[PDB]
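Next comes upload-v2.txt, with compact mmCIF, C-alpha atoms and all ligand atoms.
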# COMPACT_ATOMS: atom_id res chain seq x y z
CA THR A 200 -17.49 7.79 6.10
CA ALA A 201 -15.05 10.14 7.83
CA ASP A 202 -13.18 6.99 8.87
CA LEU A 203 -12.86 6.15 5.18
CA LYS A 204 -11.91 9.74 4.34
CA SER A 205 -9.25 9.56 7.07
CA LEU A 206 -7.95 6.19 5.87
CA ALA A 207 -7.02 7.67 2.49
CA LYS A 208 -5.19 10.50 4.25
CA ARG A 209 -3.32 7.96 6.38
CA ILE A 210 -2.05 6.13 3.29
CA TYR A 211 -1.39 9.41 1.45
CA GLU A 212 0.61 10.46 4.53
CA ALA A 213 2.73 7.30 4.70
CA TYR A 214 3.32 7.70 0.96
CA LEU A 215 4.71 11.25 1.01
CA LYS A 216 6.92 10.23 3.95
CA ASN A 217 8.52 6.95 2.81
CA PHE A 218 9.16 7.58 -0.91
CA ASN A 219 11.93 10.08 -1.56
CA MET A 220 10.36 11.03 -4.92
CA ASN A 221 6.74 11.83 -5.71
CA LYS A 222 4.76 13.27 -8.60
CA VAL A 223 4.40 16.77 -7.15
CA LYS A 224 8.12 17.52 -6.82
CA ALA A 225 9.05 15.51 -9.93
CA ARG A 226 6.85 17.88 -11.91
CA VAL A 227 8.34 20.80 -9.97
CA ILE A 228 11.72 19.62 -11.29
CA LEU A 229 10.61 18.54 -14.78
CA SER A 230 9.23 22.06 -15.28
CA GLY A 231 11.82 24.71 -14.41
CA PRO A 237 18.20 22.02 -13.56
CA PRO A 238 18.71 18.24 -13.89
CA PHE A 239 21.89 17.29 -15.73
CA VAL A 240 20.78 15.86 -19.07
CA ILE A 241 22.15 12.44 -20.02
CA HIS A 242 21.51 12.09 -23.76
CA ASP A 243 24.62 10.40 -25.23
CA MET A 244 27.68 8.42 -24.18
CA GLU A 245 29.63 11.57 -23.32
CA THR A 246 27.04 12.99 -20.91
CA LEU A 247 26.55 9.57 -19.32
CA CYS A 248 30.28 9.29 -18.59
CA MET A 249 30.40 12.87 -17.29
CA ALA A 250 27.56 12.07 -14.89
CA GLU A 251 29.29 8.88 -13.73
CA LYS A 252 32.55 10.73 -13.04
CA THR A 253 30.49 12.88 -10.66
CA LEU A 254 30.27 9.81 -8.39
CA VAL A 255 33.40 7.69 -8.93
CA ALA A 256 36.25 10.11 -9.59
CA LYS A 257 39.39 8.16 -10.56
CA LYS A 266 32.45 -2.26 -17.28
CA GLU A 267 30.56 -0.92 -20.31
CA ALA A 268 27.89 1.79 -20.44
CA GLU A 269 24.98 -0.64 -20.77
CA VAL A 270 26.13 -2.64 -17.76
CA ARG A 271 26.68 0.42 -15.56
CA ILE A 272 23.15 1.63 -16.30
CA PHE A 273 21.89 -1.89 -15.55
CA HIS A 274 23.25 -1.58 -12.00
CA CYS A 275 22.06 1.99 -11.39
CA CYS A 276 18.45 0.96 -11.97
CA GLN A 277 19.16 -1.96 -9.63
CA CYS A 278 20.21 0.47 -6.89
CA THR A 279 16.87 2.28 -7.26
CA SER A 280 14.93 -0.98 -6.89
CA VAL A 281 16.62 -1.94 -3.61
CA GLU A 282 15.86 1.52 -2.21
CA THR A 283 12.21 1.31 -3.25
CA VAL A 284 11.89 -2.21 -1.84
CA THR A 285 12.97 -0.80 1.53
CA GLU A 286 10.62 2.19 1.21
CA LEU A 287 7.65 0.05 0.14
CA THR A 288 8.00 -2.19 3.20
CA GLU A 289 7.70 0.76 5.58
CA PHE A 290 4.82 2.17 3.52
CA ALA A 291 2.94 -1.12 3.76
CA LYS A 292 2.57 -0.56 7.50
CA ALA A 293 -0.02 2.19 6.98
CA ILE A 294 -2.48 -0.29 5.41
CA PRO A 295 -5.16 -1.42 7.91
CA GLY A 296 -4.40 -5.07 8.65
CA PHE A 297 -1.04 -5.56 6.92
CA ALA A 298 1.03 -5.49 10.12
CA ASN A 299 -1.61 -7.80 11.64
CA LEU A 300 -1.04 -10.36 8.88
CA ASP A 301 1.23 -13.36 9.22
CA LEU A 302 4.87 -12.45 8.62
CA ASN A 303 5.29 -14.98 5.80
CA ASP A 304 2.29 -13.35 4.11
CA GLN A 305 3.78 -9.87 4.47
CA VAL A 306 6.87 -11.17 2.64
CA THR A 307 4.78 -12.76 -0.10
CA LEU A 308 2.57 -9.73 -0.75
CA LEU A 309 5.67 -7.50 -0.87
CA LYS A 310 7.65 -9.98 -2.98
CA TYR A 311 5.01 -9.89 -5.74
CA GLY A 312 3.90 -6.26 -5.42
CA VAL A 313 7.27 -4.51 -5.28
CA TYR A 314 8.03 -4.31 -9.01
CA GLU A 315 4.41 -3.55 -9.89
CA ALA A 316 4.63 -0.61 -7.49
CA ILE A 317 8.08 0.45 -8.73
CA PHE A 318 6.97 0.77 -12.35
CA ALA A 319 3.74 2.48 -11.27
CA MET A 320 5.60 5.17 -9.33
CA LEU A 321 8.38 5.58 -11.90
CA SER A 322 5.78 7.01 -14.31
CA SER A 323 5.46 10.04 -12.02
CA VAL A 324 9.11 10.73 -12.86
CA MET A 325 8.81 10.08 -16.62
CA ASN A 326 7.61 12.10 -19.58
CA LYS A 327 7.65 11.48 -23.34
CA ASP A 328 11.30 12.64 -23.56
CA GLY A 329 12.97 10.93 -20.59
CA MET A 330 12.83 10.49 -16.84
CA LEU A 331 14.21 11.93 -13.63
CA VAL A 332 17.03 9.87 -12.10
CA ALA A 333 19.69 10.16 -9.39
CA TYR A 334 17.32 11.69 -6.84
CA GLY A 335 16.18 14.47 -9.16
CA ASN A 336 19.73 15.46 -10.16
CA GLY A 337 19.79 13.84 -13.60
CA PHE A 338 17.49 13.47 -16.59
CA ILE A 339 18.17 10.55 -18.95
CA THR A 340 16.57 10.77 -22.38
CA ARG A 341 14.21 8.18 -23.81
CA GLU A 342 16.06 8.20 -27.13
CA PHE A 343 19.41 7.55 -25.47
CA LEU A 344 17.95 4.53 -23.66
CA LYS A 345 16.69 3.27 -27.02
CA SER A 346 20.16 3.77 -28.51
CA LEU A 347 21.76 1.32 -26.06
CA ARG A 348 22.94 -1.96 -27.53
CA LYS A 349 20.53 -4.87 -27.35
CA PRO A 350 19.18 -6.21 -25.19
CA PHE A 351 19.68 -3.31 -22.75
CA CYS A 352 17.76 -0.97 -25.08
CA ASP A 353 14.63 -3.10 -24.59
CA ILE A 354 14.50 -2.51 -20.84
CA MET A 355 12.86 0.90 -20.56
CA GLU A 356 10.82 1.50 -23.73
CA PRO A 357 7.95 -0.73 -22.47
CA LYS A 358 7.99 1.26 -19.22
CA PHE A 359 7.58 4.50 -21.18
CA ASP A 360 4.63 3.13 -23.17
CA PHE A 361 2.94 2.21 -19.89
CA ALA A 362 3.87 5.51 -18.23
CA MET A 363 2.66 7.68 -21.11
CA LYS A 364 -0.82 6.11 -20.94
CA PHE A 365 -0.76 5.85 -17.14
CA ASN A 366 0.17 9.53 -16.79
CA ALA A 367 -2.59 10.46 -19.25
CA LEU A 368 -4.98 9.51 -16.43
CA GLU A 369 -3.75 12.60 -14.53
CA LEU A 370 -3.55 10.89 -11.16
CA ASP A 371 -2.08 12.80 -8.24
CA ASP A 372 -0.12 11.52 -5.26
CA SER A 373 -3.37 11.02 -3.34
CA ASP A 374 -4.62 8.57 -5.98
CA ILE A 375 -1.25 6.86 -6.52
CA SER A 376 -1.10 6.49 -2.73
CA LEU A 377 -4.12 4.20 -2.69
CA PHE A 378 -3.24 2.58 -6.03
CA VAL A 379 0.10 1.37 -4.67
CA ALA A 380 -1.60 0.17 -1.49
CA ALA A 381 -4.11 -1.81 -3.54
CA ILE A 382 -1.22 -3.25 -5.57
CA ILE A 383 0.34 -4.64 -2.40
CA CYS A 384 -3.07 -5.92 -1.21
CA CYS A 385 -3.64 -8.49 -3.97
CA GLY A 386 -5.39 -11.57 -2.60
CA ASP A 387 -4.44 -13.80 -5.55
CA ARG A 388 -0.70 -13.97 -4.94
CA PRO A 389 0.92 -17.43 -4.82
CA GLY A 390 1.78 -18.94 -1.47
CA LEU A 391 -0.60 -16.91 0.69
CA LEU A 392 -1.53 -18.62 3.95
CA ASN A 393 -4.44 -16.53 5.24
CA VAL A 394 -5.91 -15.64 1.86
CA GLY A 395 -9.22 -14.84 3.54
CA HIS A 396 -7.97 -12.01 5.74
CA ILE A 397 -5.89 -10.48 2.93
CA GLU A 398 -8.91 -10.32 0.62
CA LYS A 399 -10.79 -8.50 3.37
CA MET A 400 -7.77 -6.22 3.73
CA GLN A 401 -7.71 -5.80 -0.06
CA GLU A 402 -11.45 -5.12 -0.17
CA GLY A 403 -11.03 -2.27 2.31
CA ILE A 404 -8.21 -0.54 0.42
CA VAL A 405 -9.94 -0.96 -2.95
CA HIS A 406 -13.18 0.34 -1.44
CA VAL A 407 -11.57 3.58 -0.24
CA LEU A 408 -9.67 3.87 -3.55
CA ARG A 409 -12.88 3.56 -5.56
CA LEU A 410 -14.60 6.27 -3.50
CA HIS A 411 -11.53 8.55 -3.44
CA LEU A 412 -11.37 8.42 -7.24
CA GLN A 413 -15.06 9.36 -7.47
CA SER A 414 -14.62 12.38 -5.21
CA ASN A 415 -11.22 13.48 -6.57
CA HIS A 416 -11.96 12.83 -10.28
CA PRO A 417 -15.66 13.60 -10.87
CA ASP A 418 -14.85 14.27 -14.54
CA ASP A 419 -13.97 10.57 -15.13
CA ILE A 420 -16.30 8.11 -13.41
CA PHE A 421 -14.61 5.21 -15.24
CA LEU A 422 -11.20 5.97 -13.71
CA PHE A 423 -11.56 3.04 -11.31
CA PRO A 424 -12.07 0.37 -14.02
CA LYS A 425 -9.18 1.94 -15.95
CA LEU A 426 -6.89 1.56 -12.93
CA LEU A 427 -7.89 -2.08 -12.47
CA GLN A 428 -6.79 -2.63 -16.07
CA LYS A 429 -3.52 -0.81 -15.36
CA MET A 430 -3.01 -3.23 -12.46
CA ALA A 431 -3.21 -6.17 -14.87
CA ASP A 432 -0.96 -4.37 -17.38
CA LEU A 433 1.59 -3.80 -14.60
CA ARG A 434 1.52 -7.53 -13.80
CA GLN A 435 2.30 -8.46 -17.40
CA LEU A 436 4.89 -5.67 -17.53
CA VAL A 437 6.68 -7.11 -14.50
CA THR A 438 6.60 -10.70 -15.78
CA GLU A 439 8.19 -9.64 -19.06
CA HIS A 440 10.73 -7.41 -17.29
CA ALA A 441 11.76 -10.23 -14.95
CA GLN A 442 12.29 -12.38 -18.05
CA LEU A 443 14.52 -9.78 -19.70
CA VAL A 444 16.55 -9.51 -16.49
CA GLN A 445 17.14 -13.27 -16.58
CA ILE A 446 18.35 -13.02 -20.19
CA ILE A 447 20.77 -10.25 -19.21
CA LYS A 448 21.88 -12.10 -16.06
CA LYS A 449 22.33 -15.49 -17.76
CA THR A 450 24.06 -13.77 -20.69
CA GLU A 451 26.15 -10.59 -20.31
CA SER A 452 28.78 -12.13 -18.01
CA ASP A 453 29.46 -8.64 -16.59
CA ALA A 454 25.87 -8.07 -15.38
CA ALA A 455 25.65 -8.85 -11.68
CA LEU A 456 22.30 -9.00 -9.89
CA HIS A 457 21.92 -7.61 -6.37
CA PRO A 458 21.14 -10.49 -3.98
CA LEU A 459 18.11 -8.85 -2.37
CA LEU A 460 16.71 -8.43 -5.89
CA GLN A 461 17.49 -12.02 -6.86
CA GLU A 462 15.52 -13.21 -3.83
CA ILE A 463 12.53 -11.19 -5.06
CA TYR A 464 12.73 -12.78 -8.51
CA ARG A 465 13.41 -16.18 -6.94
CA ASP A 466 10.39 -18.41 -7.57
CA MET A 467 8.32 -15.38 -8.62
CA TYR A 468 7.06 -15.78 -12.18
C1 LIG W 501 17.28 -3.49 -15.33
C2 LIG W 501 17.08 -3.24 -13.84
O1 LIG W 501 15.71 -3.26 -13.57
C3 LIG W 501 15.37 -2.84 -12.28
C4 LIG W 501 14.00 -2.19 -12.35
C5 LIG W 501 14.22 -0.71 -12.67
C6 LIG W 501 14.23 -0.24 -14.12
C7 LIG W 501 14.46 1.24 -14.43
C8 LIG W 501 14.69 2.22 -13.28
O2 LIG W 501 14.90 3.57 -13.55
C9 LIG W 501 16.04 4.07 -12.93
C10 LIG W 501 16.51 5.33 -13.65
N1 LIG W 501 17.61 5.02 -14.56
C11 LIG W 501 17.49 4.57 -15.83
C12 LIG W 501 16.19 4.27 -16.57
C13 LIG W 501 18.76 4.41 -16.34
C14 LIG W 501 19.64 4.78 -15.40
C15 LIG W 501 18.93 5.16 -14.29
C16 LIG W 501 19.55 5.63 -12.98
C17 LIG W 501 20.75 6.57 -13.01
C18 LIG W 501 21.38 7.03 -11.69
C19 LIG W 501 20.80 6.55 -10.37
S1 LIG W 501 21.52 7.07 -8.79
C20 LIG W 501 21.12 5.78 -7.58
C21 LIG W 501 19.61 5.60 -10.35
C22 LIG W 501 18.99 5.14 -11.65
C23 LIG W 501 14.68 1.74 -11.84
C24 LIG W 501 14.45 0.27 -11.53
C25 LIG W 501 15.35 -4.03 -11.33
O3 LIG W 501 15.15 -5.18 -11.80
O4 LIG W 501 15.54 -3.86 -10.10
Please express the file's structure as structure tokens.
Amino acid sequence: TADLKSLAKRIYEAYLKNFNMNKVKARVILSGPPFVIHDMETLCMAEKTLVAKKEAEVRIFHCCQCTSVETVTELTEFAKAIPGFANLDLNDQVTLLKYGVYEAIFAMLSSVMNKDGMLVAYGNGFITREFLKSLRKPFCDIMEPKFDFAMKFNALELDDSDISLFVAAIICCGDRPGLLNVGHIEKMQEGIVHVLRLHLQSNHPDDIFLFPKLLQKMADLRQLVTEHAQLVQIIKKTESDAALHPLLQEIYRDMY
């Protein structure tokens, strides 16, 4: 229905407008120039670009943090384009966002990642996968699971129009803890998922099973976030130099 066809465009619109990075321009950059960070020297050079006059692992740990806070803010504004979200109870908007933020972060970060590294610093830097592996434990275990997910997720060849609805569906999960009006959210969820399923059919006629694959990726993302939140706790509890942004701690607070 043209209403359905227009609903996807709505969400695709709010997506291109609230997220400073997207797959189309990330690929425009990844092709061909981002400053390559591939060893300790190039990391320190790139840092001096910002603070002219703690420990490499800990500085990286806070840079990623800065990207999460930004995306939390962007996701909230994006959520408005979903039919019914703004009509939901406030406490339920907070709960859906609290549990869907990191799932959406790691989903969208794939657009910026390839087998060799990922775009960082607003498209100005490119940090290598091998360098991230070379970091001392346990900071070297942060990103490699995100690359494994991203490599298989990107193999699905989704575009920003698909990821648009995928991220909306992520936020629209009816089985999040502490939801008051679970009934309305599931109806909200059913509407987003419906238009996602049909959009995938029309946009990817060469892969009719793309929708079941994305449902599986949704569950993979959930497990990916649970494990990531755990590793953050280990770093926070240990590594006495590793602070945790307070807005991010409130997201993890009572999550998994
Ligand atoms: C361990 C923290 O985990 C976060 C979740 C999370 C994990 C990886 C991520 O990729 C950010 C990109 N990147 C990496 C991989 C190293 C350094 C940067 C970087 C360099 C310069 C800048 S300039 C602002 C920004 C980022 C983004 C968020 C959380 O829990 O919030």
Of A:272, A:330, A:308, A:408, the one sitting nearest residue 463 in chain A when using all atoms listed in the file is A:308
I'd like the contact shell of residue 447 in chain A - 10 Å cut-off, all atoms listed in the file, skipping same-chain residues fewer than 4 positions apart - returned as a list in words. residues 270, 273, 349, 350, 351, 441, 442, 443, 451, 452, 453, 454, 455 and 456 of chain A
What does the file look like for those residues with C-alpha atoms, as a PDB file, keeping the file's coordinate frame?
ATOM      1  CA  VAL A 270      26.130  -2.640 -17.760  1.00  0.00           C
ATOM      2  CA  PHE A 273      21.890  -1.890 -15.550  1.00  0.00           C
ATOM      3  CA  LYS A 349      20.530  -4.870 -27.350  1.00  0.00           C
ATOM      4  CA  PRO A 350      19.180  -6.210 -25.190  1.00  0.00           C
ATOM      5  CA  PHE A 351      19.680  -3.310 -22.750  1.00  0.00           C
ATOM      6  CA  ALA A 441      11.760 -10.230 -14.950  1.00  0.00           C
ATOM      7  CA  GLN A 442      12.290 -12.380 -18.050  1.00  0.00           C
ATOM      8  CA  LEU A 443      14.520  -9.780 -19.700  1.00  0.00           C
ATOM      9  CA  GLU A 451      26.150 -10.590 -20.310  1.00  0.00           C
ATOM     10  CA  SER A 452      28.780 -12.130 -18.010  1.00  0.00           C
ATOM     11  CA  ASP A 453      29.460  -8.640 -16.590  1.00  0.00           C
ATOM     12  CA  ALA A 454      25.870  -8.070 -15.380  1.00  0.00           C
ATOM     13  CA  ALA A 455      25.650  -8.850 -11.680  1.00  0.00           C
ATOM     14  CA  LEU A 456      22.300  -9.000  -9.890  1.00  0.00           C
TER      15      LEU A 456
END
Which residue out of A:217, A:465, A:378, A:253 has the minimum interatomic distance to residue 336 in chain A when only C-alpha atoms are used?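 Of all the options, A:253 lies closest to residue 336 in chain A.
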Env of residue 457 in chain A: 10 Å cut, atoms = only C-alpha atoms, seq-sep filter 5 positions within chain, self excluded. Answer as a VMD selection string. chain A and resid 274 277 to 278 280 to 281 462
Nearest to ligand LIG 501 (chain W) among A:342, A:202, A:212, A:432, with distances taken over all atoms listed in the file: which residue is it?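 Closest to ligand LIG 501 (chain W), using all atoms listed in the file: A:342.
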Give me the residues within 10 Å of residue 434 in chain A as a list in words, counting all atoms listed in the file and dropping any in the same chain fewer than 2 places off.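 The residues that qualify are residues 311, 312, 314, 315, 316, 382, 428, 429, 430, 431, 432, 436, 437, 438, 439 and 440 of chain A.
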So that I have them on file, write out the residues from the current selection with C-alpha atoms, as a PDB file, in the frame of the given file.
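Here's the written file out.pdb:
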ATOM      1  CA  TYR A 311       5.010  -9.890  -5.740  1.00  0.00           C
ATOM      2  CA  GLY A 312       3.900  -6.260  -5.420  1.00  0.00           C
ATOM      3  CA  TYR A 314       8.030  -4.310  -9.010  1.00  0.00           C
ATOM      4  CA  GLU A 315       4.410  -3.550  -9.890  1.00  0.00           C
ATOM      5  CA  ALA A 316       4.630  -0.610  -7.490  1.00  0.00           C
ATOM      6  CA  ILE A 382      -1.220  -3.250  -5.570  1.00  0.00           C
ATOM      7  CA  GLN A 428      -6.790  -2.630 -16.070  1.00  0.00           C
ATOM      8  CA  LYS A 429      -3.520  -0.810 -15.360  1.00  0.00           C
ATOM      9  CA  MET A 430      -3.010  -3.230 -12.460  1.00  0.00           C
ATOM     10  CA  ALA A 431      -3.210  -6.170 -14.870  1.00  0.00           C
ATOM     11  CA  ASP A 432      -0.960  -4.370 -17.380  1.00  0.00           C
ATOM     12  CA  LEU A 436       4.890  -5.670 -17.530  1.00  0.00           C
ATOM     13  CA  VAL A 437       6.680  -7.110 -14.500  1.00  0.00           C
ATOM     14  CA  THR A 438       6.600 -10.700 -15.780  1.00  0.00           C
ATOM     15  CA  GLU A 439       8.190  -9.640 -19.060  1.00  0.00           C
ATOM     16  CA  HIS A 440      10.730  -7.410 -17.290  1.00  0.00           C
TER      17      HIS A 440
END
Applying 12 Å and only C-alpha atoms, which residues near residue 367 in chain A remain after dropping the ones on its own chain fewer than 2 positions away? List them as a ChimeraX atom specification. /A:322-323,325-327,359-365,369-371,422,425-426,429
Please indicate the distance in Å from CA of residue 296 in chain A to CA of residue 376 in chain A, rounded to one decimal place.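 CA of residue 376 in chain A lies at a distance of 16.6 Å from CA of residue 296 in chain A.
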Counting only C-alpha atoms, what is within 12 Å of range 299-305 of chain A, bar same-chain residues fewer than 3 positions away, as an MDAnalysis selection string? chainID A and resid 287:289 291:296 308:313 383:400
Residue nearest ligand LIG 501 (chain W) - candidates A:404, A:444, A:433, A:284, atoms counted: all atoms listed in the file: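 The answer is A:444, which sits nearest to ligand LIG 501 (chain W).
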One-decimal distance in Å that lies between CA of residue 352 in chain A and atom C17 of ligand LIG 501 (chain W):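 We find that atom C17 of ligand LIG 501 (chain W) and CA of residue 352 in chain A lie 14.5 Å from each other.
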How big is the axis-aligned box around all listed atoms of range 375-393 of chain A once 8 Å goes on each side, and where's its centre, in Å to one decimal, as AutoDock Vina command-line options?
--center_x -1.8 --center_y -6.0 --center_z -0.6 --size_x 23.2 --size_y 41.8 --size_z 27.8
Between CA of residue 243 in chain A and CA of residue 222 in chain A, what distance in Å does the model show, to one decimal?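 The value is 26.1 Å.
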Quick one: of A:373, A:401, A:450, A:279, who's nearest to ligand LIG 501 (chain W), counting all atoms listed in the file?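 Residue with the minimum atom-to-atom distance to ligand LIG 501 (chain W): A:279.
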Counting only C-alpha atoms, figure out which residue out of A:244, A:329, A:402, A:419 gets nearest to residue 347 in chain A.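 Checking each of A:244, A:329, A:402, A:419 against residue 347 in chain A, counting only C-alpha atoms, the winner is A:244.
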